[PDB]
Structure formats: structure tokens, C-alpha cells
Amino acid sequence: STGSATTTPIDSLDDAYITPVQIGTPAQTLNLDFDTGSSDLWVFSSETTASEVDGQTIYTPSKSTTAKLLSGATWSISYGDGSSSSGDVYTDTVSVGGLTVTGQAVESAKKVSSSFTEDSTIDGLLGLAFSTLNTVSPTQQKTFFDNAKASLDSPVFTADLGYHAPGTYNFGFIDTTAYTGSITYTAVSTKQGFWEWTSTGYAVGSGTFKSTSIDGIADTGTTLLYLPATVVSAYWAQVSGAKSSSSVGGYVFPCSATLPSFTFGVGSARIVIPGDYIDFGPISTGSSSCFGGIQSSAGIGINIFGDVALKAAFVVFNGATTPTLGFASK
Ligand SMILES: Nc1ccc(OCc2cn([C@@H]3CNC[C@H]3O)nn2)cc1
Ligand SMILES: Nc1ccc(OCc2cn([C@@H]3CNC[C@H]3O)nn2)cc1
């Protein structure tokens, strides 16, 4: 089997991407944030504290004839950015882009943190990291991809995120028309439950490529590109007037600037992020100071190849017995 679904930016800055997901019988379609940095499929629901719901579409398991409460199971997730959610668990039928899993654990939120409430466009998350990170207790549950894997034509999914435009998540096949050149595959460590890999270096604009190992995670659920402070300083030094602002929370730059590209290495291959992908717009409405899309990972503890990087590539998440990651230009 295969599936293919369009993923759409939630706003004009590509702050996140939503993909429609069918849950239950009859289907309830929710727009979920596909997140290769976490492993829980959780949704706003009929069980979510009413004051914590503000415009999201909810899943109501009592209206799904295929839903079954997973007796005694709860979940609770604390994301690296400080957001959180928790609740109860159902099993139900879940379909993405024509690919159907029966008995998928659908984690229903009883509580969500304010950042989730305040984002009316995101009805929940669909985790695509490794199932070892799933938070359901006392019986850990499998991700949608893990449940689908054996049925798929090939045990892979691909992320093709658009810049200020829709893109595609495919399951079970590689669309050879969706990229240029070849796909370069690179080793993955699953020891922390993430799609962790090692970039071979970087360049800023038309500058020389610096060969240096940069360990990090491929994370569709993180908006920005978070890299070591040395790398980030070298990038922003090429933007006149750019500075790290403690009050704003990172590098900002004059909105009048034209930004240089940023290149990262995948083996001997090179993925070029155009400068415009690094512009996240005014820090507050009407300001002429703009927020940068490349930021230091120093406060995070891990480097994160988030959407800013991934949207410059066609990315293969290869879930074979020994997982690997593939990157192609597009
Ligand atoms: N600035 C920053 C960014 C990332 C970070 O940690 C990783 C992380 C990623 N996410 C996703 C977005 N919110 C829920 C998740 O899907 N949450 N935490 C810590 C600080
Ligand atoms: N699943 C999926 C994702 C994205 C997609 O297409 C995006 C796109 C839009 N455009 C042009 C913009 N104005 C004239 C258009 O032709 N080109 N590509 C098609 C299917």
C-alpha cells in the first residue's frame, strides 16, 4: 500500500504545516502537524477542557463506531520548547492520504498548554519519530508509520515541504519526479528515538564550504534551523546590521536586508537553503527588525534541522531495519 497527502503552511511565514487526517467511522477529518521529532498521535477532542479549545476541530470518539477506549492508558508529553499536553487513549481507524491503519492509538487530549490553544489551525500532532519515544503508559503504543510499515510497498515516508506553498507527505514510495539529481542517503542513530544524523559541514552564501561534523535531528515539527553558535554567528555576520537580541530571543536583522543562502552537507552532497527561506518577518507588527530563521542551538542541547532546512530538500525517512535518511535537492 501507499499514501500521499498534501501538507499546507498554517500561515504566510510557514510557521508549521498541517496535513488532513481521517480518524474514526464515519471519518472525522482533523488537520495535524506531522512531527518527525515526536512519537505521539494526539488530538484535540471531546475530552479537552473547554477553556483550552479555541477554534480547533475536535475528535469525538463516542461518535466513532470503530473507536475503543484503551483501558487504563494515559499519555503526557513535555516538548523541548516547553509546551505540553496529556490525556486518555482510544484505538481507532486512521487514514492519511489513502493509507489506512486500523487499531491506531489516538491520544485524546484532556489538557493542552497555552501555545496549543492559541494555535487554532493545528488540531493535534502526528508523531513520526521512533516508537520508543511514545508516552502512552502503562503500555507504550506504536506510531502511525510503525503500524503501517509492514503493509507499505517500501518501509519509507518522504517529506517534501513547500516554501510559502503546499507540499507533500508520501508513505510507502519515492516519487522520483519530486526532486532533481540523486538522493544521498546518510546514517541514522535511533539511540535517542529521533532521526539523528551527522551533516558534513556548511557554507554561507557563495563562501567556501567548511567541512565539519554537525550532529542533529531531522525534525519536521520544528520551524527553524538550530545550529551551533559558531555556525550561526558566521551566517549572521554576513548580514549587515544583524545581531543577537537577548530581549527578542535570538538573531534579528534589518527587514531591508537581502539574506545570503545557507548550504549544509549530506555526505558529499550539498543542500542550498535560499536566503529568503531564512526570513521570518517582523518581530512584532510594523517593526523593521525581522526574526532570523537560523538560530543557535546552545540553549536546546541538540542541533535541529527543522523546516527551514528540510523545505529546501526532498527528504526520505527510510524505516528499514537499519534506518537511514535521504536528501535530494528539488
Ligand atoms: N526554540 C526551541 C525549539 C525547539 C525546542 O525543542 C524541540 C521541540 C520541537 N517541538 C515541536 C514544536 N512544539 C511541539 C513540537 O512538535 N517542541 N520542542 C526548544 C526550543
Ligand atoms: N500535494 C501538492 C503539493 C503542492 C502542489 O503544487 C504547489 C505549486 C503551485 N505552483 C504554482 C503557483 N502559482 C501557479 C502554480 O502553478 N506550482 N507548484 C501540488 C500538489
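Atoms within each ligand, like the ligands themselves, are counted from 1 in listed order. In this chain, numbering begins with 1 at the start of the sequence shown.
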List ligand 1 atoms under 4.0 Å from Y226, heavy atoms only on the residue side. 1 (N), 2 (C), 3 (C)
Just by distance, no angles: are the side chains of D307 and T223 close enough, under 3.5 Å, to form a donor-acceptor pair? no
Quick check on contacts: which atoms of ligand 1 are under 4.0 angstrom from a heavy atom of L125? 16 (O)
Between the protein and ligand 2, which nitrogen or oxygen pairs come in under 3.5 Å, and how far apart is each?
{"from": "ligand 2", "atom 1": "1 (N)", "to": "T6", "atom 2": "OG1", "distance (Å)": "2.7"}
{"from": "ligand 2", "atom 1": "1 (N)", "to": "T168", "atom 2": "OG1", "distance (Å)": "3.1"}

Listed partners of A309 passing side chain to side chain contact (heavy atoms under 4.5 Å, CB included), at least two apart: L225, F264, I273, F305
Min heavy-atom dist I304 to ligand 1 below 4.0 Å: yes
Just to be sure I read this right, does ligand 1 sit under 4.0 Å from the backbone of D81, its side chain, both, or neither, counting only heavy atoms? both
Would a line drawn from the ring center of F157 to the ring center of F34 be shorter than 6.0 Å? no
By ring pair (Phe, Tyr, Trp, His ring centres under 6.0 Å), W75 pairs with (sequence neighbours left out) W42
Between atom CD of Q56 and atom OG1 of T121, what is the distance when rounded to the nearest 0.5 Å? 8.0 Å
Should you measure from each heavy atom of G80, which atoms of ligand 1 turn up under 4.0 Å away? 5 (C), 6 (O), 17 (N), 18 (N), 19 (C)
Does a donor on one side chain sit under 3.5 Å from an acceptor on the other, for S108 and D88? yes
With side-chain hydrogen bond (donor to acceptor under 3.5 Å, both in side chains) as the rule and sequence neighbours excluded, what pairs involving residues 207-217 come up? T198-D215
Hey, is ligand 1 close enough to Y79 that some N/O pair sits below 3.5 Å? no
In terms of heavy-atom contacts, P166 and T6 come closest through CB-CG2, 3.7 Å
Looking at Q141 and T139, would you say the former's side chain and the latter's main chain have a donor-acceptor pair under 3.5 Å? yes
